[PDB]
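There are 2 protein chains.
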Amino acid sequence: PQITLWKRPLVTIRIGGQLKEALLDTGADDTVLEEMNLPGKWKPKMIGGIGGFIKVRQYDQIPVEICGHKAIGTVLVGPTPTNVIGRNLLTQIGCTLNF
Amino acid sequence: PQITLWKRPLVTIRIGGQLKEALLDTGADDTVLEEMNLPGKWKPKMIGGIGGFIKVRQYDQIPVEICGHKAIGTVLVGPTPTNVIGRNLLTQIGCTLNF
Ligand SMILES: COC(=O)N[C@H](C(=O)N[C@@H](Cc1ccccc1)[C@@H](O)CN(Cc1ccc(-c2ccccn2)cc1)NC(=O)[C@@H](NC(=O)OC)C(C)(C)C)C(C)(C)C
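Read top to bottom, the protein sequences are chains A and B. Here the first sequence is numbered in PDB author numbering, starting from 1 and rising by one per residue. Here the second sequence is numbered in PDB author numbering, starting from 1 and rising by one per residue.
And the structure:
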């Protein structure tokens, strides 16, 4: 689809068979999800945004379906105020910026 | 142009007569540049992201040329980790997300 930018580019994603709303974010290297208790091993990581760094849990090889397009990769879980889909998954679904 | 996301979508901008590099950032409501001088009056503002809030200077009605496309809008200046072009200006240059 084409998503205009008049409002926040929030779309429905599926993770663990369950649905969430997340921001398609070209300004994000990584995918960062609101706290959720995923199973499996994780690694601690620190990621930085506008206000500084937060502690997140790094889960690898997590399937995430974005607006019907399938992806699989690293998902960071922690105290973010919004679910963010970053470039690591946006590339997998063939997302471009266009003007 | 069409811009893919295997790398950060960095572009050259022209502002206050100077060239800079900034990140096309669909996850940003606002446009935020590293500390610099801009002409005219500004207002103290706060903006928030991952990691928390920062103090910025709000400059209104500032012309900025983004890859040769013109915009005139609000530019925030402060201790952002990196220069970002947000939706307020991406909409002005006709930028959409496509997949
Ligand atoms: C309604 O609030 C916003 O729109 N907030 C925006 C904002 O923070 N947007 C975030 C996503 C977001 C939106 C709303 C609430 C919380 C988070 C991003 O669009 C822009 N931001 C811009 C940004 C970019 C880079 C960096 C950075 C950090 C460390 C080292 C180098 N760069 C910091 C901020 N990117 C990041 O923070 C990413 N950081 C990143 O990719 O780091 C490499 C994350 C996400 C992976 C953490 C601005 C403050 C930029 C206006």
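For every residue, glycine included, the Cβ atom is placed at its ideal position computed from N, Cα and C.
Coil, strand or helix - residue i by DSSP
i                        : result
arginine 87 of chain A   : helix
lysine 7 of chain A      : coil
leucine 76 of chain B    : strand
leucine 38 of chain B    : coil
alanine 71 of chain B    : strand
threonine 31 of chain A  : coil
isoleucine 66 of chain B : strand
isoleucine 15 of chain A : strand
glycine 51 of chain B    : coil
Buried or exposed by the 16-neighbour rule on C-beta atoms within 10 Å, applied to residue i
i                        : result
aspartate 25 of chain A  : buried
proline 9 of chain B     : buried
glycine 49 of chain A    : buried
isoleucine 72 of chain A : exposed
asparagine 37 of chain B : exposed
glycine 27 of chain A    : buried
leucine 76 of chain A    : buried
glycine 86 of chain A    : buried
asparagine 83 of chain A : buried
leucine 33 of chain A    : buried
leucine 5 of chain B     : buried
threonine 31 of chain B  : buried
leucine 19 of chain A    : exposed
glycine 94 of chain A    : exposed
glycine 40 of chain B    : exposed
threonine 12 of chain B  : exposed
Start and end residues, beta strand (DSSP E) containing residue i
i                     : result
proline 81 of chain B : Premise fails: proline 81 of chain B is in no beta strand (DSSP E) and is neither H nor E.
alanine 22 of chain B : 18–24
One or two residues paired with residue i in a DSSP bridge
i                       : result
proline 44 of chain A   : A:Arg57
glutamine 92 of chain A : For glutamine 92 of chain A, which the question treats as bridged, DSSP gives no partner whatsoever.
Check: residue i C-beta below 7 Å from any heavy atom of ligand 3
i                    : result
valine 84 of chain A : As far as ligands go, the structure on display features ligand 1 and does not contain ligand 3.
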